[PDB]
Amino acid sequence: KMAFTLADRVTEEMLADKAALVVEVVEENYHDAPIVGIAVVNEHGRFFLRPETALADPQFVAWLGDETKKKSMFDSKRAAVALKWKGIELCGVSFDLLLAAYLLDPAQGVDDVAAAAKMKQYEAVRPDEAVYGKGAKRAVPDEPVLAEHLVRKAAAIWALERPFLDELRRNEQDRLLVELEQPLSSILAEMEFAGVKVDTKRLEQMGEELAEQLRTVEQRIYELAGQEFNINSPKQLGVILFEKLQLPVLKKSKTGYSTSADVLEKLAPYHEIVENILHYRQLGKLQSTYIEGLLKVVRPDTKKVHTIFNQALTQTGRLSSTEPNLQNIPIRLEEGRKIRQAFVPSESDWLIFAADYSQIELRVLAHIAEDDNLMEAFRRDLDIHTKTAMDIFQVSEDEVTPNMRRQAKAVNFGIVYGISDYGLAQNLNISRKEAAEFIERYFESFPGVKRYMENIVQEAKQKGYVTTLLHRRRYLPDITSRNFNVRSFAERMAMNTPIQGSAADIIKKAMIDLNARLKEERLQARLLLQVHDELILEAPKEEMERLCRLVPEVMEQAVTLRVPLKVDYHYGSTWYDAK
C-alpha cells in the first residue's frame, strides 16, 4: 500500500522540474471529458491531487504549461486534449511511456501502464481494467483506491523511463521517439481539438433521400422474393437466396451461406433480386454508418466532429482514427462520395485543401529495392500501372488495353502486400497457375524487387524483425513456423512492413515539417486530418495560392529517396470539392 501524500493544496515541492505526471481521463473518448485525479512523483515524493484543486491553482497551471518543467507520462495526448478543453496548456512532456512501448514492440498491444511495466518485470501497478472494471460495470472507484492507483502508475512511469530509453537507444529508436512520435503527438492533439465542421442539415437531407430509396429497394426485394423477411438477417436471406430461389451456393461461411458482395455479383445473372440486395446494402451502409453514425458523434454545440487518432495501435506505424473514423469516408463510388459534401471549413471564407502523395508505397519500394527499372519509371514520372502492363505483357504503350492495365495494377498491389499465388488469383478471379505466371513475369521485369523480397524474408528470419526507413520495427516470430499458412503470412508481413511503415514514417515527418513551416510563415491554415498518404487542411481563401506551393513542397522534401516524391493537391468549398 504505497506511500504518498493525499494533498489538500499544491506546494512548491510538487513543482520540481522533473516529474512523472498522471492526469487521469477515464472516459474512452477524452474530448471535453472529466479529469478524475492527478498524481505527481518526483525527487521529493509522491503526491495525489484532486483536480478541482490542482487545476484552479495558478502555480500548478503555470507548471503544467512551462516547457522547461519536464514531465514523463503515459498517453500524454489524452491529458493534453482533455486539458485543452478546460483552457489549460500542457507542455514539457519529454517522455511518453505509451509511445516508447509501442515503438519497442507494437505487437504487445500495450494500452495501459501495467502492460508497459510488465515488459520490464515491473508488476507493482494494477491494470486499469482491474481498477475501473469493464463494460457496464465500468466506474471510478472511491478516492483511496483511485489515489493509490494513480500514484502507482506515476511511480511506474518514474521507474521505467530509464530502462525504456536505454532499450530505444540500443534499437536506434531514441530519435524516433523524441523527434518524431512525441512531437507528432502534439500535432495530433491540436488536430483532434480543432475538429472538422459538419453541415448537419446537408447530412440530414441526404439521410431523408436515402430513407426513401431504401423503402423503395426494400419493397422491390420483397416483391421479387415473393415474401417479406429481414434482409439483414443472414439466416433469412440465405434461406431466400439459396433455398427458395435455388441460387448456386458458391461459398459457405462457418455458420451458413456467404452473401458477401463478391458472391452476390457472381449470382446476379440468375435472378433480379440480387442487384437489388446489393443496391440495398450500398444504401444501408451509407445510411447506417455514415449518415447516422456521423450525426450521432457531431457535437451539437459546434457542429464539429473530433476524432481520436490512435497513435500506438497499428503494427506498421500508421495511425488509426476513431469515433468517428475519418479515414474511411466514402470516395470510390459517386453516391457515397457525396457524403464528403458535408465536411466543410469551420469559418466563413475558408476553404478545404487536400494534398496527397502519388504512389508513395511503390516509390518507397523502388528506393529500398533499388530496382533500376522501377526507379527509372518514377524518374520519368510514368503511369506506373501502364508501365508495369507494358513490361509484364511485353507490349508497347499503344497496345495496353484497359483490362491489361487493370490486371497490372492488381499485380502492383499484390507485390506491395506480399505477393501470394492464391491471393492474386482470388483477386483477379483467375487460376493459381495463372497468377504465378503474372508474378514470375513481374519479377523478370523487376529483378531488384525480387531480390528485395527474398532478402527481407531472410533478414526477418536472421534478426527476428524488420525495420523501416526511420527505424520503426516489427518482430515476426511466426516466420520460423513449420505451419505453411502461419509462416507465409509472416513472410508477407516482412515484405510489406518496410514499405507501408516507411511510408508512414515519411508522412509523419512531413506533418512535423509542415506544422513548423505554417508557423514560420504565420499562416492561419490548419491541419485537420491525415488519411495515410494524404493531409487535409482548412485555410482562408486568401492563403490557397501560397498553400499550393508550400504544402506539396514540404511533403515532397520530407525525406530524400533515390526517386522523387510527388504530391498532388486540390482545394474547394467542401472536402468533396477538394479533389
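Start at 1 with the first residue shown and count on from there. Basically, rigid core = biggest C-alpha set you can superpose within 1.5 Å across the two forms.
Core superposition of the other structures onto this form places the C-alphas of 427 to 435 farther off in 5 other deposited structures of this protein than those of the other stretch among 159 to 167 and 427 to 435.
In 5 other deposited structures of this protein, superposed by the rigid core, the C-alpha atoms of 418 to 426 lie farther from the shown form than the other of 365 to 373 and 418 to 426.
On average the C-alpha atoms of 389 to 397 have higher B-factors than those of the other stretch, with 156 to 164 and 389 to 397 being the two compared. Just going by the entry, 172 to 180 versus 224 to 232 on mean CA temperature factor gives the higher value to 224 to 232. The residue among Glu192, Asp128, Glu454, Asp262 whose C-alpha carries the highest B-factor in the deposited model is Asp262. Among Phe438, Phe309, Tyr122, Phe378, the highest C-alpha B-factor recorded in the PDB entry belongs to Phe438.
For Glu361, the recorded CA temperature factor ranks within the lowest third of the chain's modelled residues. Per-chain ranking of the deposited C-alpha B factor places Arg50 in the highest third. Ranked by Cα temperature factor within the chain, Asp421 sits in the highest third according to the deposited record. Sorting the modelled residues of the chain by their CA temperature factor places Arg332 in the highest third. Compared with the other modelled residues of the chain, the Cα B-factor recorded for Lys118 ranks in the middle third.
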